[PDB]
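First comes the structure, then the notes that go with it.
Residue numbers (the authors' numbering), protein chains in the order written: chain A, 89 to 97; chain B, 146 to 193; chain C, 89 to 298, 305 to 385; chain D, 98 to 145; chain E, 194 to 241; chain F, 98 to 145.
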């Protein structure tokens with residue numbers, strides 16, 4: 089539910 | 146946090162997410178049954 | 089429009105379907121909330137009023153001139169009713185483009201984290217900004233039991249259970265708790281204590297203990319916040335928590351989305367407020383491994 | 098603002114819950130508005 | 194007080210139902226001149 | 098018995114009273130929806 093730039097987060 | 150009334154709450158952790166891909170393969174069998182059998186073999190061979 | 093295995097020759101049209109609901113790892117919900125006294129309270133505190141004594145009766149004679157008798161003395165225990173707040177940061181680019189309902193997924197997941205995080209405070213929590221668990225309530229050995237304390241019985245050998253008569257420290261813990269409280273009582277353990285209890289066996293290799307995951311007929315709450323079998327640890331508790339432990343709370347989870355402080359982020363501030371300590375000190379006994 | 102916080106008391110005054118296993122639930126409980134109750138048993142039986 | 198007196202009475206009569214003597218209280222079944230079983234009479238309770 | 102007495106809390110909480118004589122009732126009050134208000138006065142009079 090964190091940023092949409094790294095896949096895992 | 147179990148935050149206080151004067152806590153001024155900071156950022157908390159966020160759950161990191163994993164995608165697992167089911168490739169969804171197929172499974173095929175091809176039996177060969179005879180036309181004379183299917184016409185003359187009163188058991189329903191198609192649904193059998 | 090060739091095969092669906094190599095990307096260039098007709099393999100980019102394959103469009104994998106995502107799940108309906110975003111799943112997660114499933115952690116322990118055995119949280120002691122389902123066996124204690126849950127009270128809705130919209131205040132700063134909740135004040136239970138218990139009786140630490142009883143009256144006196146007479147068996148009056150025919151001509152006796154019956155005098156005064158006792159009258160129970162009253163103790164007020166103050167639930168502090170603290171709060172439990174989490175504020176995860178979520179991106180506005182994610183929330184508009186991440187077609188799963190992320191608001192209700194965080195409203196499920198923060199509530200799961202709160203129902204798991206208050207289970208630590210209900211067992212081993214201290215006084216500061218959190219409910220005081222029943223382990224941190226100044227235990228005094230059973231038999232010299234005063235009111236301001238919880239009773240424990242000791243097993244014998246220092247690390248493990250008793251050496252000869254093991255499983256006898258469990259049964260006098262059971263029958264040292266009172267006949268009325270054992271009508272609906274329960275063990276509370278963690279899983280690597282329950283495994284050690286199940287690994288106990290007789291002289292011939294057969295394990296002596298024959305959903306509720308019950309032991310000696312009484313239910314067992316497999317917690318995850320109780321201490322393991324240490325030198326002076328209290329790994330097993332037993333009691334009627336419906337009379338013993340009072341949980342004071344509000345049955346809602348307050349969500350405040352904040353697109354304003356962290357400006358390209360959404361920053362869901364979620365909080366529930368919950369409190370609670372023991373209400374009846376006679377209703378919980380503990381198993382110390384000391385001597 | 099700490100004097101405005103009014104700690105809510107309990108609904109019903111609780112108590113230590115002492116033993117109710119009292120043999121009244123297993124015996125013959127008889128209502129009687131008198132001074133004394135006289136049961137009449139048979140200490141022997143008949144012959145056939 | 195009417196609930197607490199009732200609880201105290203339902204608990205205090207349990208002592209008289211079991212081990213009470215004759216004086217102003219019910220005589221419990223333990224105080225009934227126990228005579229060993231086999232040599233059992235009607236005016237006594239048996240034991241092994 | 099002194100624990101269960103619970104005093105009342107004076108349903109409307111009051112404060113110290115301050116005077117509301119504020120010169121609005123003798124001066125002229127103009128509703129203004131702008132950043133500023135002007136007046137146009139006459140510092141002199143005409144001639145004859």
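We put the beta carbon where it would ideally sit given N, CA and C, even for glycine.
Residue range of the unbroken alpha helix (DSSP H) whose run includes residue i
i, result
"residue 191 (chain C)", "190-212"
"residue 166 (chain C)", "Per DSSP, residue 166 (chain C) belongs to no alpha helix (DSSP H); it is in the beta strand (DSSP E), 162-167."
"residue 183 (chain B)", "180-185"
C-alpha distance - residue i paired with residue j, whole-angstrom precision
i, j, result
"residue 95 (chain A)", "residue 165 (chain B)", "12 Å"
"residue 211 (chain C)", "residue 338 (chain C)", "13 Å"
"residue 204 (chain C)", "residue 117 (chain F)", "55 Å"
"residue 140 (chain D)", "residue 235 (chain E)", "7 Å"
"residue 197 (chain E)", "residue 115 (chain C)", "44 Å"
"residue 190 (chain B)", "residue 169 (chain B)", "29 Å"
"residue 98 (chain D)", "residue 132 (chain C)", "12 Å"
"residue 241 (chain C)", "residue 325 (chain C)", "14 Å"
"residue 213 (chain E)", "residue 260 (chain C)", "28 Å"
"residue 369 (chain C)", "residue 206 (chain C)", "9 Å"
"residue 123 (chain C)", "residue 201 (chain C)", "19 Å"
"residue 231 (chain C)", "residue 265 (chain C)", "11 Å"
"residue 327 (chain C)", "residue 172 (chain B)", "57 Å"
"residue 93 (chain C)", "residue 163 (chain B)", "24 Å"
"residue 385 (chain C)", "residue 330 (chain C)", "15 Å"
"residue 225 (chain E)", "residue 233 (chain E)", "13 Å"
"residue 152 (chain B)", "residue 363 (chain C)", "13 Å"
"residue 374 (chain C)", "residue 229 (chain E)", "44 Å"
"residue 156 (chain B)", "residue 356 (chain C)", "10 Å"
"residue 142 (chain C)", "residue 321 (chain C)", "35 Å"
"residue 180 (chain B)", "residue 90 (chain C)", "33 Å"
"residue 238 (chain C)", "residue 160 (chain C)", "20 Å"
"residue 128 (chain D)", "residue 219 (chain E)", "16 Å"
"residue 281 (chain C)", "residue 158 (chain B)", "30 Å"
"residue 147 (chain C)", "residue 294 (chain C)", "53 Å"
"residue 334 (chain C)", "residue 308 (chain C)", "15 Å"
Neighbour flag for residue i against chain F, beta carbons, 7 Å
i, result
"residue 169 (chain C)", "no"
Residue span of the beta strand (DSSP E) that contains residue i, given as start and end
i, result
"residue 350 (chain C)", "348-350"
"residue 362 (chain C)", "Here residue 362 (chain C) belongs to no beta strand (DSSP E), and DSSP marks it neither H nor E."
"residue 137 (chain C)", "134-139"
"residue 96 (chain C)", "First-last for residue 96 (chain C): undefined, no H or E at that position."
"residue 340 (chain C)", "340-343"
"residue 245 (chain C)", "Per DSSP, residue 245 (chain C) belongs to no beta strand (DSSP E) and is neither H nor E."
"residue 300 (chain C)", "Residue 300 (chain C) falls within a stretch that is absent from the model, since chain C runs 298 to 305 with no residues between."
Short Cβ contact (7 Å threshold) for residue i with residue j
i, j, result
"residue 267 (chain C)", "residue 312 (chain C)", "no"
"residue 136 (chain C)", "residue 107 (chain D)", "yes"
"residue 222 (chain C)", "residue 341 (chain C)", "no"
"residue 288 (chain C)", "residue 255 (chain C)", "yes"
"residue 367 (chain C)", "residue 344 (chain C)", "yes"
"residue 349 (chain C)", "residue 178 (chain C)", "no"
"residue 125 (chain C)", "residue 336 (chain C)", "yes"
is_contact[residue i, chain C] using C-beta, thresh 7 Å
i, result
"residue 151 (chain B)", "no"
"residue 173 (chain B)", "no"
"residue 195 (chain E)", "no"
"residue 106 (chain D)", "yes"
Below-7 Å beta-carbon distance, residue i vs any chain A residue
i, result
"residue 161 (chain B)", "yes"
"residue 208 (chain C)", "no"
"residue 114 (chain C)", "no"
Candidates the options, of which the one nearest residue i by Cα
i, options, result
"residue 258 (chain C)", "C:154, C:122, C:123, C:380", "C:380"
"residue 103 (chain F)", "C:134, C:93, C:121, C:126", "C:134"
"residue 188 (chain C)", "C:174, C:111, C:221", "C:111"
"residue 192 (chain C)", "C:343, C:373, C:359, C:109", "C:109"
"residue 208 (chain C)", "C:371, C:157, C:382", "C:371"
"residue 217 (chain C)", "C:151, C:361, C:167, C:226", "C:167"
"residue 150 (chain B)", "C:374, C:365, C:353", "C:365"
"residue 243 (chain C)", "C:376, C:147, C:367, C:382", "C:382"
"residue 283 (chain C)", "C:93, C:142, C:297", "C:297"
"residue 305 (chain C)", "C:316, C:146, C:174", "C:316"
"residue 252 (chain C)", "C:290, C:90, C:178", "C:290"
"residue 100 (chain D)", "F:121, F:105, F:130", "F:105"
is_contact[residue i, chain D] using C-beta, thresh 7 Å
i, result
"residue 132 (chain C)", "yes"
"residue 235 (chain E)", "yes"
"residue 199 (chain E)", "no"
"residue 268 (chain C)", "yes"
"residue 238 (chain C)", "no"
"residue 136 (chain C)", "yes"
Minimum Cβ-Cβ distance from residue i to chain B less than 7 Å
i, result
"residue 93 (chain A)", "no"
"residue 357 (chain C)", "no"
"residue 177 (chain C)", "yes"
Proximity test, residue i beta-carbon vs the ligand SAM heavy atom, cut-off 6 Å
i, result
"residue 212 (chain E)", "Inclusion of the ligand SAM in the displayed structure is not the case, the ligand content being empty and no account of it being possible."
**Study point:** Chain-ordered residues of the region 323-340 of chain C with a beta carbon less than 9 Å from chain H
**Key:** Chain labels in this structure do not include chain H; the protein chains are A, B, C, D, E and F.
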